[PDB]
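Every heavy atom of this structure was used, including side-chain atoms; hydrogens, water molecules and symmetry mates were not. Below, chain A is the first sequence line, B the second, and so on; all start at residue 1.
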Amino acid sequence: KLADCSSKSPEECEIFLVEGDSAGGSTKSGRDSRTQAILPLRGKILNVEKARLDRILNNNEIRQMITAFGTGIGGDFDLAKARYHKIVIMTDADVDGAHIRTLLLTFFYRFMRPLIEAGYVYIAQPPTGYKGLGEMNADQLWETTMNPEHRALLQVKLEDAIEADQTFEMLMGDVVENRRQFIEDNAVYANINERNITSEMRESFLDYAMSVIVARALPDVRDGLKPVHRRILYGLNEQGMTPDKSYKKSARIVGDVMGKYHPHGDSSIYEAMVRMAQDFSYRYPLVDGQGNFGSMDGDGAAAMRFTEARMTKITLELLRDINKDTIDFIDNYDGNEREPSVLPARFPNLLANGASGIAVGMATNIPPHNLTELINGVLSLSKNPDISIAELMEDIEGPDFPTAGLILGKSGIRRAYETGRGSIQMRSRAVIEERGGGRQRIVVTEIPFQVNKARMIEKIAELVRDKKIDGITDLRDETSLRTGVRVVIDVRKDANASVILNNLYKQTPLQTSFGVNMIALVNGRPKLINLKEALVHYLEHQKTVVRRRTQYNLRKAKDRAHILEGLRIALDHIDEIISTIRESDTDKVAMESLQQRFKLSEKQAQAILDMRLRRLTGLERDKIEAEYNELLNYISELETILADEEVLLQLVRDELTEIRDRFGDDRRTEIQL
Amino acid sequence: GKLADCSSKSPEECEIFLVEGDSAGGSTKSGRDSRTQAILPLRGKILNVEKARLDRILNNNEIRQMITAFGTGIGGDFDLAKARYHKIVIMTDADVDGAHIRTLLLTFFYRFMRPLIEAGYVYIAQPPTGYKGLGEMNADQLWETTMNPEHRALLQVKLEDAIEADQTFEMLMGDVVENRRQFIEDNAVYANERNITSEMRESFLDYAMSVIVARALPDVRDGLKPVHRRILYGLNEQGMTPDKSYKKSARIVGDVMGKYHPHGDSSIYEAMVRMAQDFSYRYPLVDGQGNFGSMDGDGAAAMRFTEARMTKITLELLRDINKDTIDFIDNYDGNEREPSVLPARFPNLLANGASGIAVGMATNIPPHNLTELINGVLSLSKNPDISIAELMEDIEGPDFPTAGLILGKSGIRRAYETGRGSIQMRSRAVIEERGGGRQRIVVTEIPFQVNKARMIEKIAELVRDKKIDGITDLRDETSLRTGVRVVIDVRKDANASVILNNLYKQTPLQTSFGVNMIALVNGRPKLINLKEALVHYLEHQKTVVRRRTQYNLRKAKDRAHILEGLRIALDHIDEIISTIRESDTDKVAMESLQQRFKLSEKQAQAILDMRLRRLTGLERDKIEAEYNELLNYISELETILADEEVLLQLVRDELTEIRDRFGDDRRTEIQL
DNA sequence: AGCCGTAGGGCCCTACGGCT
DNA sequence: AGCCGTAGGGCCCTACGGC
Ligand SMILES: COc1ccc2nccc(CC[C@H]3OC[C@H](NC(=O)c4ccc5c(c4)NC(=O)CO5)CO3)c2c1
Ligand SMILES: [Mn+2]
Ligand SMILES: [Mn+2]
């Protein structure tokens, strides 16, 4: 990995740590290879503050850093033996780079403290607006960042130790609550110089943490999506990949999304897209995949060069009226594109499909739900702001998993909908049945959500082999496209099969809990929310969307009647119209002449100058009158909706109801007492 | 291993499907009936056992997995009794690479498991085409077509004459290239049971002709392989021109993968990267931003990091592509159109050169100076009987991006005469003082295609293993600011020149370029000499300029015809408007306009599409200005089409301009 | 040898939080 | 104790021909 310098005189020698060979290459090409060494790492380095020492000392990248510095670790640490008097951290100028920087400072503080004391550690300052240093040309990387003349390094000073120790403990240690508190306390949500090592850690760390929270791992309460899923669906949309049209190569989709909207690795995008295609993961799948999109047995999808994809019908409902000023667009990562900040989301997607995400200081875990039940819930809520969770549960019985199965008891469900937290006990659907000669078997035909069917079956085998469960004489996955899931467990003759089943439910994922933890972005801040808040924020979104959409169609039909007004004047005075144009030299004079003569606006004048001659035929004259008369009718319909809060809300209901009628379906998961 | 066995054991009723990898595997595993159907994914191309020794075969993972899985052992240890399946089913992707992996698999079974074949246990599944690999198929469909024993069509492989079979495996898959080449030349055609010899011959031949005509060899006209052509056409169709800014590498590769080139990402991205390296291409076709590699054989950044567009001179490859200069063809799936060849307004085969390993043959064509090339083609255009020797008054010999030296003219001369020759390339190295009466060797240019770091390591090896006297140190002082610089310290009092000569004998510091000018001519491979290359090249240009002139003619005559309808209309504007105003439909207006004013359908249409702003005052006059300049152009064009000396001179003229704008100095020095 | 350059194909480290 | 899902990062086997 190391690409060393010529000079062995450590006095004048620098080593640069970079994230991988992609940056490595640019760095190598632009360095001064007499004084300047380069060590590429390989992504996130190990967190030494949370890891056992066995594996701190085995980890490659840790090891190689040790070798390169040649000073040994901890007690047996000779400053005098530093092969370099400058260790320069130069990760990418993105948030994951800030995080890899915190990880490294932690390693150095806890294993090479003197190195920091001695003033040998530094932080390079590459320009922003660059995914990694691999996107820079070597000359740029040199001028800006590496050239001893016209560059700016921060030298890491350690002031108070005690404070440093607490900081590393809080930020990087395994007590989440300490970290969570710091985030809350310091996050500001939207509506050779010395650098203190504590200052750097808290600023770098918070930068990462906030970024993961608002812009990675948590879904938005309004549309139920994380950034990656939003930019995927929105890309499908901008490229017209509707279900009527045909499937397009995943690589096209991914390439496009990566380029315009999502400056991150290919596999994060493709894997997100894949899940959205899996009817064992999504209760209402958002992508329609062609090819191998993986199995319940933990199989990956085929590589993105093989598969293809489009929207499902129901994703249309997520995107409807996105170009009717329903929702605010923002700048993409680099200035050159516009992306939606949220989707219209005309059905309640946060709950329908659920969410899961590991952030920093917190996580989220929201189960999926029956859409017929959810919309009935939003209906009841719309007729009654003061409805209770108990009343809402009259409609929303509890979660509805794609994989079906059983939930045991209404009581975890109730806590989760009331507090935002609760454990939910899920079981497989298993029956006991004769197989012949007075012997029996267990048949599992549905397994709990998020359980790998293979791993589950291996577990049972590994219980039968470690002689750790009695009575089982065979185990077979008879699952098949033709017959559905079907896992068979033969039972020894005369053994009690019900007992064996209970044993499996105790000792295998045949029974599994689901720990609800309903954190989402509300005003782009993380909040633990109950069932009713989820539906309130959802309905508040829908109200705004149907209002803005109605306001937009008004401005637009008004703009258009205005033009049809110019054109009807034209048709009534066509001879004089022709005359005015013919007697004009420029287009500028005609425009002025038509405004004055016939009291037309600039826009009308221009639309008349744009009329083609074929529009003076019989049918074309009629269409202009017809389009105009239909449009006045529509304009006054729109005005009705905007002048009356109750007609608007009634529209919201009628629309929800239509979606419930077209996409609603049976409950799959049975909830038992 | 990723073996997914079935649940039954008795092999009489159990089958195993071999597929290319896990993408195919998953569709196969979700599709299959797992009571009787095992699946074993491989990993792409398997080893050719006909060309490998036994130590290597038995180290190979995929080979091992197959042996284990089948349970018969191999060779004389073979045993039909211990078969775990009575049907072994080869199910590779429905493409040419899948024919090839079929031939490799059958080569393994015939040489190590022949009784398996003698006994009827081997089979070939028949998936549908249209799908890159099985990973693009849904499991329901792969079940119906291919795997379900009530529907599928299986071929059962049969051995007849074992002597013929031996000859075939030997010829097709053995180490002797020439019999294979001969079999290709003899069988190629350019523009229930299955005999194993027929399968081998037909599957291999497919593969072979696919690599030859459509992978590894350049076209003589444009100097390009399918992958480079599709990339450049891609850049163009998305206007990624040099005036515009850079697009993202992943977008470009994604575009091209979908539209034109159904193959792995890395083949595309790597082809693009090389086109951007100024140490690889004498005249780079791609302009890249980010890490695109080094002479030390670092690869580019991954494609999420880099951006790219055309270079100035690529516009010249593409100039006039829209003027019917070249025949477009269907892409691989029917939903696109691609160029079969580029206009190529400079001679790109010899300019940037080409190297490719095919089947039965290879190509290796060095790069050249463009100022020289062009003077060459001009000279040829003044004299169809120009000799190689006269041609070499312009074209001194290869000119490499990396500069350096060529020793003597005799390899050059042989190469240009016959299309084969060996050319000795040598570093640019000087000897210089370093202080205290010591000296060093400074190397500042290295041969084409010689990895600099790997070369420095071969020098270290010699010093370490004491096969060279007198070297005390070795350093790469290469930098952006300094250019290539490799220093070799010599021991006080040792003769530096001697040392340097040893380095030339013993290191890539001197390297042969083995010229072997194979290219496609009417899409068939041909060994061509210097002159035959320039001639095909000149022929393409004349065709281009002629087809270009024919196109502008059709187009200017079409436009004149429109303008003759517009003249009539502006001159009769009222009767025109009444004619229309009186007409119920757009149809009736066309008919009336046409009867009353002697107009064609297309003249009537142009009038009906006329906007009212065209009736302003100075428009009857513009139409007339335009129309008179059109008639002038029309005849300027007819001049050209009727006199071949005028067309040829036109060709000469455009080339001279390209020479003036893009021609640069020779970099490689030719020492005699 | 083993390397040139288009082709087939796939695997494994790391962070992060909460549940087992 | 190790999985789940967005994220950071990269490597190594194969065919082909010519020297
Ligand atoms: C399969 O299993 C193995 C296992 C062993 C391996 N050892 C080392 C490295 C790897 C893979 C690392 C490599 O890095 C670059 C990756 N792709 C991109 O950067 C990229 C970005 C955007 C894109 C595309 C690609 N593809 C498009 O068509 C457009 O959108 C491709 O994968 C290995 C792979
Ligand atoms: Mn990075
Ligand atoms: Mn394949």
Handout entry: Nucleotide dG8(C), atom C1' - distance to CZ of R102(B) in whole Å
Key = 14 Å
Exercise for the section: Would you kindly give the CG-to-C1' distance between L134(B) and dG9(C), to the nearest whole Å? Expected result: 13 Å
Problem - Residues that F449(A) engages under ring pair (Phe, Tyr, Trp, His ring centres under 6.0 Å), provided they are two or more places apart - result: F401(A)
Exercise for the section: Categorise the sugar of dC13(D) by the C1'-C2'-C3'-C4' dihedral sign as either north or south. Expected result: north
Exercise for the section: Report the distance from atom CZ of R305(A) to atom CD1 of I268(B), rounding to the nearest 0.5 Å. Expected result: 10.5 Å
Practice task
May I have the distance from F306(A) (atom CZ) to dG8(C) (atom P), rounded to whole angstrom?
Solution key: 8 Å
Handout entry: Partners meeting salt bridge (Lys or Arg N to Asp or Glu O under 4.0 Å) with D93(B) (sequence neighbours left out)
Key = none
Completion exercise
Partner of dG2(C) under the Watson-Crick or G-U wobble criteria, both distances under 3.5 Å, comes out as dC19(D)
Problem - For atom NE2 of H228(B) and atom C1' of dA7(C), their distance in whole Å - result: 13 Å
Exercise for the section: May I ask you to say what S267(B) touches in the nucleic acid, namely base, sugar-phosphate or nothing, with a heavy-atom cut-off under 4.0 Å? Expected result: base
Problem - Counterpart residues, side-chain contact (heavy atoms from CB on, under 4.5 Å), relative to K45(B) (two or more places apart) - result: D97(B), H100(B), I101(B), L104(B), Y207(B)
Problem - side-chain N/O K225(B) vs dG5(C) OP1/OP2, d < 4.0 Å - result: no
Problem - Stepwise side-chain contact (heavy atoms from CB on, under 4.5 Å) check, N451(B) with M295(B) - result: CA-CA 6 Å; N451(B) 176 311; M295(B) 285 182 224; over 6 Å; no
Fill in the blank from the handout: Looking only at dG9(D), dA7(D), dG8(C), the nucleotide nearest the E20(B) side chain is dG8(C)
Fill in the blank from the handout: Ranking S22(A) and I269(A) by the position along DNA chain D of their nearest nucleotide, the one closer to 5' is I269(A)
Completion exercise
Taken to the nearest 0.5 Å, the spacing of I39(B) CD1 from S27(B) OG works out to 9.5 Å
Completion exercise
Those residues at least two apart in sequence (or on a different chain) that pass salt bridge (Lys or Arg N to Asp or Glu O under 4.0 Å) with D297(A) are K453(A)
Handout entry: Ion pair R180(A)/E177(A), N-O distance below 4.0 Å
Key = yes
Problem - Residues that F108(B) engages under ring pair (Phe, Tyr, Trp, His ring centres under 6.0 Å), provided they are two or more places apart - result: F112(B)
Practice task
Sticking with atom P, work out how far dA7(D) lies from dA7(C), rounded to a whole angstrom.
Solution key: 32 Å
Practice task
For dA7(C), take OP1 and OP2 only and decide whether either is under 4.0 Å from a side-chain N or O of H261(B).
Solution key: yes
Practice task
Just read off the sign of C1'-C2'-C3'-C4' for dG17(C) and name the pucker, north if positive, south if negative.
Solution key: south
Practice task
Quick one: list whatever passes ring pair (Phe, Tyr, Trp, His ring centres under 6.0 Å) with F279(B), sequence neighbours left out.
Solution key: none
Problem - Separation of the P atoms in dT6(D) and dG10(C), to the nearest angstrom - result: 23 Å
Handout entry: Distance, rounded to the nearest Å, where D298(B) contributes CG and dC11(D) contributes P
Key = 11 Å
Problem - Spacing between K132(B) atom NZ and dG8(C) atom P, to the nearest angstrom - result: 11 Å
Practice task
In whole angstrom, give the distance that lies between atom CG of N364(B) and atom P of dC19(D).
Solution key: 9 Å
Exercise for the section: Quick one, give me the B/S/- string for nucleotides 13-20 of chain C, reading 5' to 3', where B means a protein heavy atom under 4.0 Å from the base and S means that only happens at the primed atoms, P, OP1 or OP2. Expected result: -BSBBSSS
Practice task
May I ask you to say what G265(A) touches in the nucleic acid, namely base, sugar-phosphate or nothing, with a heavy-atom cut-off under 4.0 Å?
Solution key: sugar-phosphate
Practice task
Could you state the atom-to-atom distance from CE of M273(A) to P of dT6(D) in whole Å?
Solution key: 13 Å
Exercise for the section: Identify the nucleotide, in any strand shown, that forms a Watson-Crick or G-U wobble pair with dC11(C), with both distances under 3.5 Å; if there is none, say none. Expected result: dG10(D)
Completion exercise
Closest of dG9(D), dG8(D), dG8(C) to the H264(A) side chain is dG8(D)
Handout entry: Any residue meeting side-chain contact (heavy atoms from CB on, under 4.5 Å) with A214(B), in chain and number order, not counting sequence neighbours
Key = none
Completion exercise
Winner on side-chain proximity to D93(B), out of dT6(D), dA7(C), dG9(C), is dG9(C)
Problem - OP1 or OP2 of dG9(D) under 4.0 Å from side-chain N/O of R304(B) - result: yes
Problem - Distance between P atoms of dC4(D) and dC12(C) (Å, rounded) - result: 16 Å
Report all interatomic pairs (protein N or O, nucleotide N or O of nucleotides 1-3 of chain C) with separations under 3.5 Å.
none

Practice task
Can you tell me, in whole Å, how much space there is between the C1' of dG17(D) and that of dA1(C)?
Solution key: 15 Å
Exercise for the section: Please indicate the pucker of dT14(C), north or south, going by the torsion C1'-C2'-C3'-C4'. Expected result: north
